[PDB]
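In what follows, a single structure is set out as structure tokens and then discussed.
Please treat every number below as a calculation from the coordinates, not as lab data. So basically every Cβ, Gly included, is an ideal-geometry build from the backbone, and we count neighbours across all protein chains shown.
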RNA sequence: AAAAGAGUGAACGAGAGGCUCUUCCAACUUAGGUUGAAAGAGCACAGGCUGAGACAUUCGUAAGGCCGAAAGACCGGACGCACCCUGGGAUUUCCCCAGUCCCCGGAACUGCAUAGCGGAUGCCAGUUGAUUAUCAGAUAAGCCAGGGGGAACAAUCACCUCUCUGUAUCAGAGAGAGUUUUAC
DNA sequence: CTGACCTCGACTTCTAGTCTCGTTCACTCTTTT
DNA sequence: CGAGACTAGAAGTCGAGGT
Ligand SMILES: [Mg+2]
Ligand SMILES: [Mg+2]
Ligand SMILES: [Zn+2]
């Protein structure tokens, strides 16, 4: 039934055992030591032979649903897994990091220099300068001081560079392979190959010549295409294009393609982006879309690098397999549809003489990936200026900020009398900070009952102590009565 | 090689908002207080590194072309710079990395000519301690800071059978050789 | 004459979090010619 | 093949008790 994994005296993985009673005998006799709860790994204390057999590992890639399965010389499955990768959160985190540091450089460095320049009299006589930097054709506006040097002309990268998200997914695949190697003797590795065309899957029955001329053929960039389809004037008025607005904001999964961008003048952008009626009107004229091809892009980028480095890890014992071959295998041997039986079929592909092939039974070991680091310090810099009459909210700022659909103080001031303004009470709460030394998700803790769990969330804080620890199963444990056993493991088995 | 498709990394610039304070006006209230309009000033993850580097005006920034009375304009790209390259550093850690930035040099690659860099004048800091001199302190219009992986740390007994409890399930507790082999 | 109606640990429920553009640049992968 | 949520803090329940 449930296979038990074995390791020798030396740190060498070894063929898994299934007797399941000899294991308890060896454990009670001191011959065996437990190494991992789940999967249940035992390390022999007494020395013995190390005679192993080849095992084929089969990999079904992905961005959030990686899956690997291990099989013997014949079609017997000794390991099945599923992985939920943290990958999707990396692009958003890097985006927010860029925005935060741009804020840092603007507000602490740039604006402070401009302020000092105006104070000390060492500012432009015009008070503003148009500077045409090398590499661009339209100037920039430098107010009261020259800009800090801009570096975009020449920034070479090592060939084969990969973005932090794609590099993260590559590292995650390889890391899960290493963790599987720690458990079992893996001889061959079989990686599924996925190549995607995103001109395809948008329109099947695509004709060959269509691949070269698409929505943005000839017309240079998305901005120019929008300025063309709108005839060079704002979408609302007859005024010229100023800002290229996203119909779906980039804070959501707003696409960067053509069907999302729209040209608008200044005032029209401000109104459509603060007011509600204008937003509804623009949503009426055009719809926009999400990204819809953010995952498969990263997967397609990393597949060749993964195949290369798998070949490095398993010299002379690395193969490949097509998704179509997997589908044929499922149709042939009757494997049910799933997203982890894919790995079993992929592994079974390489088997030259497979006569015991049958579908695995039992749920596979699920793996969650948790942050290895979190170096943020501010939880909620509130930045909102709330006005109340009595105990009811009536305005959220003095004047509307960008993306403020709700009223502000100027509109209330217009609508009501000066007595109502004189009878307002303001409450603006201060900034909240995370505890950067807190116990992080993925840690292994034990509660008052002695139950062992993996910390998934920390919820609620009072007087400097967490209130609740939420395990991966969603159970909530009182934080004061829980004991800290193990730190964050990069990938945690559930 | 090109045209497209899809992603996601980098530098620089403007705002809408936000915090604190000053002046002034208005409203509402026990001269005071509260809210607001207007003008101005300062400030902007928690923090690490460093002691100068930010700013304005002006001069200079190769050969060779080419047009100009000339001044000088355009091309070009070095004996000028660099985001480029070798080495060394800050962020930097339990071990690393990405990104940004810095310092002496610059050979091939790469990029710039209104940019960068250097010079000159001007403007913006700190000055205390232990033995004029040396080690400490103070000194921002300086750099970085919300990215990622790994190691190590269990109250680490899985499966099945049997018993007890509760529990609709199943959980907890206890006890058990259930094929010899964890490999033939 | 309590005691019915407070006061206080100690938990349990629940909600909320910044956002626009502008001048450029770089890397990866796929599909057709 | 895949498109928020972890963490901090305020308001709320509730028993002990107690006066
Ligand atoms: Mg597949
Ligand atoms: Mg907009
Ligand atoms: Zn207009």
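When the alpha-carbon atoms of the range A:11-100 are used, the pair Rg, Dmax equals 19.4, 60 angstrom.
Assuming a viscosity of 1.306 mPa s and a temperature of 10 °C, what translational diffusion coefficient in µm² per second does Stokes-Einstein assign to the range A:222-273, Rh being the Kirkwood radius over Cα pairs?
Working: Rh = 10.9 Å.
The estimated diffusion coefficient comes to 145 µm²/s.
Compute the semi-axes of the equivalent ellipsoid of the range A:382-430, taking the square root of 5 times each eigenvalue of the Cα gyration tensor, and list them largest first in whole Å. Listed largest to smallest, the semi-axes of the range A:382-430 are 17, 14, 8 Å.
Fewest neighbouring Cβ atoms within 10 Å first, the residues A:412, A:46 line up as A:46, A:412. A Förster radius of 41 Å combined with the Cβ-Cβ distance from residue A:216 to residue A:476 puts the calculated FRET efficiency at roughly 0.20. Each listed q (0.24, 0.28 Å⁻¹) maps to a log10 I(q)/I(0) for the range A:346-389, found by the Debye formula over equal Cα scatterers with no solvent: -1.02, -1.10. When only alpha carbons are used to place a centre, the range A:68-106 and the range A:111-131 end up 46 Å from one another. Taking the DSSP beta bridges with both ends in chain A, the antiparallel portion is around 75 percent.
Looking only at Cα atoms, what is the convex hull volume of chain A per residue, in Å³?
Working: hull volume 126.0 nm³, N = 494.
For chain A, the hull spanned by Cα atoms encloses 255 Å³ per residue.
Suppose a student asked you for the relative contact order of the range A:444-493, using Cα pairs under 8 Å spaced at least 6 residues apart; what percent would you report? Mind showing how you got there, number by number?
Values: 81 pairs, mean separation 18.0, N = 50.
Rounded, it is 36 percent for the range A:444-493.
When peptides A:466-475, A:383-392 are sorted by average Cβ neighbour count within 10 Å, with the highest value leading, the order is A:466-475, A:383-392. Exposure proxy ranking for A:477, A:244, A:433, based on other Cβ atoms within 10 angstrom of each Cβ and starting from the fewest, stands as A:433, A:244, A:477. Were the residues from residue A:494 through residue A:38 laid out at 0.36 nm apart, the gain over their Cα-Cα distance would be 163.4 nm.
Of all DSSP beta bridges located in the range A:4-51, what percent are antiparallel, nearest 5?
Numbers: 7 of 10 bridges.
Roughly 70 percent of the beta bridges in the range A:4-51 run antiparallel, per DSSP.
With only Cα atoms counted, the range A:4-51 has Rg and Dmax values of 9.6, 25 Å. Taking every C-alpha pair closer than 8 Å and separated by at least 6 residues, the mean separation divided by the residue count of the range A:21-129 gives a relative contact order of 12 percent. For the residue pair residue A:251 and residue A:27, what label-to-label distance in nm results when each label sits 7 Å from Cα along the Cα-to-beta-carbon direction? My value for the distance between the label points is 5.1 nm. The spacing between the range A:458-494 and the range A:293-351, judged by their C-alpha centroids, is 36 Å.
Summarising the label geometry, the points placed 7 Å from Cα in the beta-carbon direction at residue A:404 and residue A:149 lie 4.0 nm from one another. Expressed per residue, the C-alpha convex hull volume of the range A:444-493 stands at 76 Å³.
Relative contact order for chain A using alpha-carbon pairs under 8 Å, separation at least 6, rounded to a whole percent?
Values: 775 pairs, mean separation 76.7, N = 494.
The value is 16 percent.
Among A:222, A:367, what is the fewest-to-most ranking by other Cβ atoms within 10 Å? Before the final figure, lay out the partial values.
Numbers: A:222 18, A:367 21.
Fewest-to-most ranking of A:222, A:367: A:222, A:367.
Each helix, a run of at least 4 DSSP H residues, gives -39500 (n - 2.57); summed and divided by the residues of chain A, these come to -8000 deg cm²/dmol at 222 nm.
How far apart, in nm, are the 7 Å Cα→Cβ label points at residue A:110 and residue A:84? My value for the distance between the label points is 4.0 nm.
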